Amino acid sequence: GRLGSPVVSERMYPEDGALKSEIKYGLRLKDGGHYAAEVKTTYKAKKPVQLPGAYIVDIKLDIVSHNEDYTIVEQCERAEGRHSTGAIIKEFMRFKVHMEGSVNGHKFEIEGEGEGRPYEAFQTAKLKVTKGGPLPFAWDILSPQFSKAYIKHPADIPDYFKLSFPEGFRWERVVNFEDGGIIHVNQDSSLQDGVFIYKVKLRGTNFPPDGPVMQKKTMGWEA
């Protein structure tokens, strides 16, 4: 299942005065098969901020609870930066997220509330499908779209995400699946009244109707 999910390594690199990332992995299928995905993200602070060198964010993301039709979902994430081997952010911080989405022309809206310890690599979120539920596609494609402020960075790696506040940062992501499925995500992260505000736009297209995403045959992300 989706408890105690394997570590996923997001490979961060400074480029063109932005922080970019690449992940080459996939979704485990219920029949033990493999569904390959490449994720490319650009993170850019709303103001000039000190960029780190290239480094790795190790991510453990779990679905820890859900109701019968995944219209209510609880996610847990533990993330910490590490080196490659070759005051306004408090110890406790809440977030709110609003996602407007379409996958293969199915429109949906998700509202969520999260909290965590941004220096101690821990966050949880409760997500509610407020429109277009239950979703006629795998939850797994949404899980990574719901929080870069909650990554524990070592002393010697500048924390690009925490340094960007209170103004915050934007990110743009493409997920390319091996079967022509593609997701484009635009996100705005801000800080208002001591709470992180996440606004997410998501467009997924070209998913095979009989594929693992539209048929909900996925069983979480692979290492």
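So that there is no doubt, residue numbering starts at 1 and follows the sequence shown.
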Legend entry - Deposited but uncoordinated residues in the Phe108/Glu109 interval: none
Legend entry - Size class of the missing deposited segment between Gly86 and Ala87: 10 or more
Inset, instruction - For the higher mean C-alpha B factor in the entry, choose 87 to 95 or 67 to 75. - result: 87 to 95
Inset, instruction - Look over 27 to 35 and 189 to 197 in the entry and identify the one with the greater average Cα temperature factor. - result: 27 to 35
Legend entry - Options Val103, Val129, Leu142, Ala121 - largest CA temperature factor per the record: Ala121
Inset, instruction - Pull the Cα B-factor of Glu22 out of the PDB entry and bin it into the chain's lowest, middle or highest third. - result: middle
Legend entry - Ranked C-alpha temperature factor of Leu61 among modelled chain residues, by third: middle
Inset, instruction - State the tercile, meaning the lowest, middle or highest third, of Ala45 with respect to the CA B-factors recorded for its chain. - result: middle
Inset, instruction - Sort the modelled residues of this chain by their C-alpha B factor and say whether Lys148 lands in the lowest, middle or highest third. - result: lowest
Legend entry - Among modelled residues of the same chain, the CA temperature factor third for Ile182: middle
